[PDB]
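# Reading the structure
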Amino acid sequence: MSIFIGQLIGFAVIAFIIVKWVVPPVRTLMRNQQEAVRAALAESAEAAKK
Amino acid sequence: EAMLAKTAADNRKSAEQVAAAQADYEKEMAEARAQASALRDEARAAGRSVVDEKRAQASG
């Protein structure tokens, strides 16, 4: 049961590290991709209007 | 990819079509003005022929 506590603290540390350092950059990458595709769609609409 | 290629070719088409429309408008303007000038010149030529035959008749 002690090893269960050890792994639980380890997983808490892993989750903290993730949400602290990995989640922000990957979320920003997803946002950048979303904005790129959104801008592409907007440009296509503007081209049709033009 | 097809939407992006469309957007690109469509923008190019509009960009050349504005210029093509302006060129066609200028071309028809020039053609109409040339026709008007030809009308004026033909009227003057016919009048000159009229006065020339008048000169011939009066001389005779």
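Residues numbered from 1 in each chain as written, not as in the entry; some residues may be left out. Chains lettered and ligands numbered in written order. Part of a larger assembly, values for the part shown. Heavy atoms only, no water.

By the method listed in its record, cryo-EM, this PDB entry was determined to a resolution of 2.56 Å.

When you go through chain B residue by residue, the secondary structure sums to one helix and zero strands. Its C-alpha atoms give chain B principal-axis dimensions of roughly 85 × 10 × 5 Å. Relative to its 60 residues, chain B shows a buried fraction of 3%. Taken as a whole, chain B presents about 5,000 Å² of accessible surface, with 58% of it coming from carbon and sulfur. On chain B, the mean spot of the 10 positive side-chain charges and the mean spot of the 11 negative ones are 6 Å from each other. (Helix = DSSP H or I, 4+ residues; strand = E, 2+ residues; numbered from the N terminus. Buried < 20%, exposed > 50% of the residue type's maximum accessible area, 1.4 Å probe, protein only. Areas by Shrake-Rupley, 256 points an atom, 1.4 Å probe, with all protein chains shown as cover. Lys, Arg positive; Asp, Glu negative; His and termini not counted. Charge placed at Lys NZ, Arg CZ, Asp CG, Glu CD.)

This brings us to helix 1 (residues 2–49) of chain A. Because an α-helix completes one turn every 3.6 residues, residues spaced three or four positions apart along the sequence face the same direction. The end-to-end C-alpha distance of helix 1 of chain A is 67 Å, a good match for the 70 Å that 48 residues give at a rise of 1.5 Å each. The axis of helix 1 of chain A is deflected most strongly, by about 45°, at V22 of chain A, and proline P24 of chain A appears within four residues downstream. (Expected span 1.5 Å × (residues − 1). Bend = angle between axes of the 7 residues up to and from the residue.)

Taken together, the five residues of chain B in the interface contact seven residues of chain A. Surface buried jointly by chain B and chain A totals about 490 Å² across both partners, of which 63% is contributed by carbon and sulfur atoms. Three residues stand out in chain B for area buried against chain A, namely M3, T7 and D10 of chain B, and they jointly supply 68% of the buried area on that side. If you look at where chain B meets chain A, you find zero salt bridges. Joining chain B to chain A, the criterion identifies one residue pair in polar contact. Partitioning the side of chain B that touches chain A into residue classes produces one nonpolar, three polar and one charged. (Contact = heavy atoms within 4.5 Å. Buried area = accessible area lost by both parts, 1.4 Å probe. Salt bridge = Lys/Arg side-chain N within 4 Å of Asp/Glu carboxyl O. Polar contact = N/O pair within 3.5 Å; in protein donor to acceptor, adjacent residues only side chain to side chain. Nonpolar A, V, L, I, M, F, W, Y, C, P; charged D, E, K, R; others polar.)

Residues annotated in UniProt with the feature "transmembrane region" correspond here to residues 3–23 of chain A. Secondary structure over residues 3–23 of chain A splits into 100% helix and 0% strand, and the C-alpha atoms at its two ends are 28 Å apart. (UniProt positions renumbered as here; feature names shortened; annotations may be inferred.)

In contact at an axis separation of 9 Å, helix 1 of chain A and helix 1 (residues 2–59) of chain B are set at 35° when each is read in the N-to-C sense. Handedness of the helix 1 of chain A/helix 1 of chain B crossing: left-handed. On helix 1 of chain B, the residues that touch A40, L41, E43, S44, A47 and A48 of chain A of helix 1 of chain A are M3, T7, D10 and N11 of chain B. Across the contact of helix 1 of chain A with helix 1 of chain B, the residue classes tally to five nonpolar, three polar and two charged. (Axes fitted to C-alpha atoms, helices over the stretch in contact; angles between N-to-C directions. Left-handed = near helix turned anticlockwise from the far one by under 90°.)

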